[PDB]
Enquirer: 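This is the structure, below, for whatever I ask next.
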Number of protein chains: 2
Amino acid sequence: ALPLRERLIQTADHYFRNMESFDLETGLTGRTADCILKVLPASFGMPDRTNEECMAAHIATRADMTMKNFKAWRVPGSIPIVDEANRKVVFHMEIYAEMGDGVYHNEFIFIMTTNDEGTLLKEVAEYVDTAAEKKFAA
Amino acid sequence: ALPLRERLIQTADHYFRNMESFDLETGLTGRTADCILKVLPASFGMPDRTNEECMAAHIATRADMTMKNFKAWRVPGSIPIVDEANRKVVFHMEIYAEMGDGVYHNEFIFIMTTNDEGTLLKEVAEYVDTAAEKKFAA
Ligand SMILES: [Ca+2]
Ligand SMILES: [Ca+2]
């Protein structure tokens, strides 16, 4: 038994742990069956995706580029913003990944929503550096 | 005498109310003397600004363009994320403003920090649409 504030942090942090050790056989862990990944802002044009649509994007990316050394860490000096009543955790993050065409690195704001028990992830929302992601896509 | 959650939301909401009715004579309200404005991400290239450096940009923008009908509203469906222990409030916002070169409008993630009493703003951090802001400046 953990305090609800800490348990919300462990559950939200597992999202980044699952990405660092990602494997198609195991896949996505720590989420509900109806979890949704939201990409902010709406001007970027990315629609919301379920636990199965993100997998299809993962698989399609494996056939185009190689992805090695995923790394996620909080920005130094930032603290987890936790709202126990709404079951929400806010993170200020940086993501690192080695692609075939060099290095991927950007700065993000993550918003996690858990279930009532605070054990599984219900919603994951991330605000994205639009100028860099548009440049990476093009 | 309000509950801290409602008091933190009102103190953080005053930032948008002060901007909608901004007047150089009245100036910035609801902030401590050492309040710092932060513009995320760091890739955008905007240094942190004090209470007087933000006023200087306001003055410098009045000589080049005209700003009218400043509007701000929470994105429908979003709720204020409040961390009472950290004195932090998170918003999902849209800002509207009319300039000389058309309409300004974009989506934001706002993070506010208050004093121990929860009556004044100590820090305001905003993550912006980098692809749209670099288009507006150019
Ligand atoms: Ca970058
Ligand atoms: Ca826009």
Side-chain angles (χ1 to χ4, degrees), chain A residues 15-16 19-20 22 37-48 57 61 64-78 90-111 124-138, chain B residues 15-16 19-20 37-48 57 61 64-78 91-111 124-138:
Chain A
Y15 175 86
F16 304 104
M19 292 296 156
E20 295 171 345
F22 172 66
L37 178 74
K38 292 187 170 179
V39 175
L40 308 180
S43 64
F44 188 67
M46 178 64 60
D48 301 334
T61 48
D64 293 357
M65 307 181 312
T66 59
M67 195 280 240
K68 331 171 193 300
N69 298 15
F70 187 97
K71 283 170 180 171
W73 65 87
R74 306 167 183 173
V75 179
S78 65
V90 184
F91 283 142
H92 189 195
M93 299 293 298
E94 292 187 7
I95 299 298
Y96 171 82
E98 306 186 22
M99 303 300 180
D101 50 311
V103 167
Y104 175 86
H105 177 254
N106 279 320
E107 178 179 343
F108 302 82
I109 289 296
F110 274 89
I111 305 177
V124 177
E126 44 175 319
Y127 203 108
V128 127
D129 191 337
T130 48
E133 299 286 349
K134 289 179 182 179
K135 188 258 223 305
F136 184 34
Chain B
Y15 175 84
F16 305 107
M19 292 296 302
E20 289 174 352
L37 173 62
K38 296 188 169 181
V39 174
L40 312 185
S43 62
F44 187 68
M46 178 60 61
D48 302 334
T61 49
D64 294 359
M65 315 178 310
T66 55
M67 187 178 65
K68 296 165 184 173
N69 310 128
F70 184 95
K71 300 302 175 181
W73 61 86
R74 307 170 184 174
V75 182
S78 66
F91 290 114
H92 192 188
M93 300 292 298
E94 297 183 7
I95 274 75
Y96 172 81
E98 308 186 356
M99 304 297 187
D101 44 319
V103 156
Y104 175 86
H105 171 254
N106 287 291
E107 180 183 349
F108 297 87
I109 284 296
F110 272 94
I111 300 180
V124 178
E126 32 174 310
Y127 203 120
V128 309
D129 190 334
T130 52
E133 296 287 352
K134 300 169 74 174
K135 197 71 134 299
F136 175 56

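Side-chain atoms are counted along with the backbone in the values below, which use heavy atoms only and exclude waters and symmetry mates. Just follow the structure's listing: the first ligand is 1, and inside any ligand the first atom is 1. Letters A, B, ... mirror the listed sequences (proteins, then strands); counts begin at 1.
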Enquirer: Going by salt bridge (charged side-chain N to carboxylate O under 4.0 Å, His left out), name the pairs with one or both residues in residues 64-74 of chain A, residues two or more places apart or in two chains.
Expert: A:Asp13-A:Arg74
Enquirer: Report yes if the distance between the aromatic ring centroids of B:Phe110 and B:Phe16 is under 6.0 Å, otherwise no.
Expert: yes
Enquirer: Who are the side-chain contact (heavy atoms from CB on, under 4.5 Å) partners of A:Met99, not counting sequence neighbours?
Expert: A:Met65, A:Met67, A:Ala97, A:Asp101, A:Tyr104, A:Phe136
Enquirer: May I ask you to determine how many protein N/O/S atoms are under 3.0 Å from the Ca ion (ligand 2)?
Expert: 2
Enquirer: Treating A:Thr130 as the side-chain partner and B:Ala131 as the backbone partner, does any N or O pair qualify as donor plus acceptor under 3.5 Å?
Expert: yes
Enquirer: What I want to check is whether the side chains of B:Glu94 and B:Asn106 have a donor and an acceptor closer together than 3.5 Å.
Expert: no
Enquirer: Not counting sequence neighbours, which residues clear side-chain hydrogen bond (donor to acceptor under 3.5 Å, both in side chains) with A:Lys134? List them please.
Expert: none
